[PDB]
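Enquirer: Chain order of the listed sequences is B and A. With full-length UniProt numbering as the guide, the letters of the first sequence map in order to residues 316 to 385. With full-length UniProt numbering as the guide, the letters of the second sequence map in order to residues 1092 to 1419. Take this structure, written in structure tokens, and hold onto it; I'll ask about it next.
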Amino acid sequence: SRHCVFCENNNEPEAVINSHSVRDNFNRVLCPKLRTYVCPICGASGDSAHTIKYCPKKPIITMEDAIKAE
Amino acid sequence: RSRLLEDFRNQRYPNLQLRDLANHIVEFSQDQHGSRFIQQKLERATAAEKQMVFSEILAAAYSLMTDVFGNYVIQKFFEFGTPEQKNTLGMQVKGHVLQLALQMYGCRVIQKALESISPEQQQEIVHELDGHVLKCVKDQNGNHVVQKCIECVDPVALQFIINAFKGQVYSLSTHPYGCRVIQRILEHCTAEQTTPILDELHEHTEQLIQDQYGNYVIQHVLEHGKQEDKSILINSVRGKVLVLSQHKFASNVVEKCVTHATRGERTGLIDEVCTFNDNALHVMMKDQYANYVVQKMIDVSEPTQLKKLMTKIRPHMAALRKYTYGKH
RNA sequence: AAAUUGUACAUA
Ligand SMILES: [Zn+2]
Ligand SMILES: [Zn+2]
């Protein structure tokens, strides 16, 4: 939509915000800031790149897991 | 094409009237501009011309209904015609309602008829389609028809479907088209028809919420069913709020659970999410789905839980500012 | 610093 949300919520300068979109006409990833990032969980990069909270392997956290982490 | 359709597809008759369409409506209803013209100029004049159009198409009804453009014609007739024509059409349709419901345009027309015809002929069509419930609900076109019937017919006549569902309510509440049929069932039936299906649902509640279609069934029972069913489902979640607010489908079920509830249920669940081991609150505010549960909890709670919650996760706010969440 | 907030409902 004529601008990239990621670079906007990341408070990049306004020129960068309106200089690209987040994803693609092919539904790849377009934002270079997000394409540079390698996922520490699933290694994916570039075309399928994503941040940690939205990673497809971000594991379901149970109660007992929340107890062990203490 | 013949002569007249090549004359009108180029538009050479700016003052055309219904009577001018003689001996070419079968070909006009198969052309776009012609079906639009016949469709839009069938509200004025007398019924004599409308009787003509009825006669010239009662010979090709079985094809105009399975026609991409004729189906609007058949529809408009079922909507605007004198009851004699309603019955005269209604007659020759029986004997093929299976096929005519499986086909796109024919089933559009079938739907269009069930809102204007007589109840008796309606029930004739009802008794027509017994048993095939399987192959019909599990179809891209049969399910829409089924829904229109659930909206327009007497529940007691349809009760046989209530008996074709036992042993199948699960594999259909999880079906992409069946789930809509089940929602229509629950929103348009009696106590004695919802009761067995509602028990069937309360059986497979667990696996249903984590399914991308059963969760619409649950969500539909939570904001439309009786308070009792609401409580019955509300209790079968206590102990799993953290595990489910992380699930993509079940999280909406959590939201629609905290919205519709009594003071004891709301307070009970708020208490469940108050005893979370600090880092599980971090899972809440952080995870992509739970935070919705968090906010819908912030908006609907009583002020006691409010002030006993604005503080409960007030530190994690600092770790939430760098997101998109502007929460005062 | 890893920040984008989330699932269904058919004919020119
Ligand atoms: Zn960007
Ligand atoms: Zn990943």
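Idealized CB from N, CA, C, for every residue including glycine.
1. Between residue 1421 of chain A and B/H335, what straight-line distance do the alpha-carbon atoms span, to the nearest angstrom?
2. Should B/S316 be labelled buried (16 or more other beta-carbon atoms within 10 Å of its own) or exposed?
3. Note down, in chain order, every chain B residue with its Cβ under 9 angstroms from the Cβ of A/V1364.
4. Rounding to the nearest angstrom, what Cα-Cα distance links B/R343 and A/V1244 in this structure?
5. Using 8 angstroms as the Cβ pair cut-off and three pairs as the minimum, do the segment 1288-1305 of chain A and the segment 1315-1332 of chain A touch?
6. How about A/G1172 and A/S1120: are their beta carbons less than 7 angstroms apart?
7. In the segment 1359-1391 of chain A, which residues sit with their C-beta less than 9 angstroms from some C-beta in chain B, listed in chain order?
8. Using the beta-carbon of each residue, which ones in chain B are nearer than 8 angstroms to A/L1333?
9. Under 8 angstroms: do the segment 1353-1365 of chain A and the segment 354-371 of chain B share three or more Cβ pairs, one atom per stretch?
10. How long is the line joining the alpha carbons of B/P347 and B/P371, rounded to whole angstroms?
11. Heavy atom of ligand 2 less than 6 angstroms from the Cβ of B/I375, yes or no?
12. Cβ-heavy atom distance between residue 1062 of chain A and ligand 1 below 6 angstroms?
13. On the criterion of 16 or more Cβ atoms from any shown chain inside 10 Å, does B/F341 qualify as buried, or is it exposed?
14. Hey, out of A/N1106, A/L1095, A/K1141, A/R1110, whose CA is closest to A/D1122's CA?
15. Mind listing the chain A neighbours of B/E329? Cutoff is C-beta to C-beta under 9 angstroms, in chain order.
16. Is the shortest distance between the beta-carbon of A/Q1298 and the beta-carbons of chain B less than 7 angstroms?
17. Is the separation between the beta-carbon of A/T1415 and that of B/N326 shorter than 7 angstroms?
18. Counting pairs of beta carbons, one from the segment 1174-1194 of chain A and one from the segment 1218-1231 of chain A, are three or more of them closer than 8 angstroms?
19. Note the first and the last residue of the continuous alpha helix (DSSP H) segment covering A/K1132.
20. Mind listing which residues of the UniProt zinc finger region "Nanos-type" (318-372) of chain B have their C-beta closer than 8 angstroms to chain A's C-betas, in chain order?
21. Would you say A/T1286 faces chain B, with C-beta separation under 7 angstroms as the test?
22. Based on DSSP bridge pairs, tell me the residues matched to B/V344.
23. Under the rule that 16 or more other beta-carbon atoms within 10 Å means buried, what is A/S1146, buried or exposed?
24. So, helix, strand or coil for A/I1323, using DSSP?
25. So A/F1340 packs on A/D1302, CB below 8 angstroms; how close in whole Å?
26. Figure out for me which residue from A/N1326, A/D1098, A/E1346, A/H1266 has the closest Cα to the Cα of A/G1305.
27. Quick check on DSSP: helix, strand or coil for A/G1359?
28. Any chance the CB of B/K348 is under 6 angstroms from a heavy atom of ligand 1?
29. Taking only beta carbons into account, state which residues of the segment 1102-1125 of chain A come closer than 9 angstroms to chain B, listed in chain order.
30. Which stretch, first to last residue, makes up the alpha helix (DSSP H) that contains A/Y1380?
Expert: With the given structure in hand:
1. Lying before the first or after the last residue shown, residue 1421 of chain A is absent from chain A, which here runs from 1092 to 1419.
2. By the neighbour-count rule (16 or more Cβ atoms within 10 Å), B/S316 is not buried but exposed.
3. Under the 9 angstroms cutoff, chain B gives no residues; its nearest Cβ is about 11 angstroms from A/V1364.
4. Straight-line measurement puts the Cα of A/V1244 at about 48 angstroms from the Cα of B/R343.
5. When Cβ pairs closer than 8 angstroms are counted between the two stretches, the segment 1288-1305 of chain A is seen to touch the segment 1315-1332 of chain A, the count reaching three or more.
6. No, the pair does not count as a contact, with Cβ atoms beyond the cut-off.
7. Here the close residues are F1367, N1368, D1369, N1370, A1371, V1374, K1377, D1378, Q1379.
8. Within 8 angstroms of the CB of A/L1333, the CB atoms of chain B belong to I376, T377, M378, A381, in sequence order along the chain.
9. Contact between the segment 1353-1365 of chain A and the segment 354-371 of chain B is absent, because fewer than three Cβ pairs lie under 8 angstroms.
10. Going by the C-alpha atoms only, they are around 20 angstroms apart.
11. Answer for B/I375: no, Cβ out of range of ligand 2.
12. A query on residue 1062 of chain A cannot be resolved here, the shown segment of chain A reaching from 1092 to 1419 and no further.
13. Looking at its Cβ environment, which holds fewer than 16 other Cβ atoms inside 10 Å, B/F341 is exposed.
14. Looking from the CA of A/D1122, the closest CA among A/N1106, A/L1095, A/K1141, A/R1110 belongs to A/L1095.
15. The contacting residues do not exist; B/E329 stays about 18 angstroms from chain A at best.
16. Not an interface residue.
17. No, they are not a contact pair.
18. Verdict: yes, contact present.
19. No alpha helix (DSSP H) contains A/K1132, which DSSP labels as neither H nor E.
20. Listed in sequence order: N324, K368, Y369.
21. Chain B contact via Cβ: absent.
22. Assignment of beta-bridge partners to B/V344 by DSSP yields B/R338.
23. The residue is exposed, with fewer than 16 neighbouring Cβ atoms inside 10 Å.
24. In the displayed model, A/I1323 falls within a helix according to three-state DSSP.
25. With a Cβ gap of about 7 angstroms, A/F1340 and A/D1302 count as contacting.
26. Closest option to A/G1305, judged by alpha-carbon separation, among A/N1326, A/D1098, A/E1346, A/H1266: A/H1266.
27. In the structure shown, A/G1359 sits in a helix (DSSP, three-state: H, G or I).
28. Yes, Cβ of B/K348 sits closer than 6 angstroms to a heavy atom of ligand 1.
29. Those would be none; no residue qualifies.
30. Where A/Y1380 is concerned, there is no enclosing alpha helix (DSSP H), given that its DSSP letter is neither H nor E.
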